[PDB]
Amino acid sequence: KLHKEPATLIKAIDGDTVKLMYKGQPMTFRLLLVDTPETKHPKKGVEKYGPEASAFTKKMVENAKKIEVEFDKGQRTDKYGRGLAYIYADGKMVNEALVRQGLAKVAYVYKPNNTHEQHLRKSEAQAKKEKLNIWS
Ligand SMILES: Cc1cn([C@H]2C[C@H](OP(=O)(O)O)[C@@H](COP(=O)(O)O)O2)c(=O)[nH]c1=O
Ligand SMILES: [Ca+2]
């Protein structure tokens with residue numbers, strides 16, 4: 001039932017937040033089902049692998065020919081007004097790429113926005129057994 005829609009990059013903000021032009025309007029998107037280490041919040045400080053996660057997402061979306069957004073089957077925005085989506089760069093899901101590299105954990109799993117949960121958890125398990133980055 002999920003469908004991909006085109007969007008255009010405005011700016012990568014950090015590892016799991018990107019600003020896109022979607023249907024003619026600028027919008028902040030927060031990646032579904034993942035959490036990258038913080039780089040901004042004073043309470044957290046700059047967490048280890050935060051800069052690495054931000055650089056990974058930035059490189060992936062800036063070099064892409066085509067960006068697409070895929071909403072899940074529940075709420076499409078969070079309480080901060082951010083879009084909640086799976087984001088694809090040239091057909092590759094950014095959310096999964098981060099988890100597979102050990103630069104994000106699977107997190108914030110809120111039903112019914114969990115269609116790709118199993119897929120992402122399998123990638124997380126592989127990153128853990130390979131002891132990559134956050135799992136090292
Ligand atoms: C990924 C995601 C985050 N959020 C909210 C939960 C957290 O709220 P609180 O700020 O109150 O803790 C926050 C985590 O986002 P960030 O990781 O960007 O900080 O965004 C959702 O409500 N739904 C979601 O699907
Ligand atoms: Ca985060």
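Side chains included, hydrogens not; waters and symmetry mates left out as well; all remaining heavy atoms used. Remember, it's 1-based here, ligands and their atoms both numbered in the order they're listed. Counting from 1, the numbers follow the sequence of the chain as shown.
Close approach of ligand 1 to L84 (heavy-atom distance below 4.0 Å) involves ligand atoms 24 (C), 25 (O). Of all atoms in ligand 1, listed by their number and element, those nearer than 4.0 Å to a heavy atom of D35 are 17 (O). Atoms of ligand 1 lying under 4.0 Å from any heavy atom of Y80, numbered from 1 in the order shown and given with element: 9 (P), 10 (O), 11 (O).
Of all heavy-atom pairs between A89 and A64, the closest is CB-CB, 3.8 Å.
Classified by interplanar angle (parallel below 30°, tilted 30° to 60°, perpendicular above 60°), the ring pair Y110/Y108 is tilted.
Here's the thing with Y108: none of its N/O atoms is less than 3.5 angstrom from an N/O atom of ligand 1. Residue-to-ligand polar distances keep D16 apart from ligand 1: every N/O pair is separated by 3.5 Å or more. In terms of N/O distances under 3.5 Å, ligand 1 is not approached by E38.
At distances below 3.5 Å, not a single donor-acceptor pair connects side-chain atoms of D35 with backbone N or O atoms of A107. Remark: the backbone N or O of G15 is paired with a side-chain donor or acceptor of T57 at under 3.5 angstrom.
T36 and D16 share a donor-acceptor pair across their side chains, judged by distance under 3.5 Å alone.
Here the protein contributes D16 OD2, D35 OD1, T36 O as N, O or S atoms under 3.0 Å from the Ca ion (ligand 2).
A cation-pi contact, defined as under 6.0 Å to the ring centre and within 45° of the axis, is absent between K66 and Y88.
Taking the charged nitrogens against the carboxylate oxygens, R30 and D78 have no contact shorter than 4.0 Å, which rules out a salt bridge. At a threshold of 4.0 Å, the pair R100-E130 counts as salt-bridged, since one of the basic side-chain nitrogens sits closer than that to a carboxylate oxygen.
Taking a 4.0 Å cut-off on heavy atoms, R82 registers as neighbouring ligand 1.
Ring centroids of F29 and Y86 are separated by 6.0 Å or more, keeping the two rings apart.
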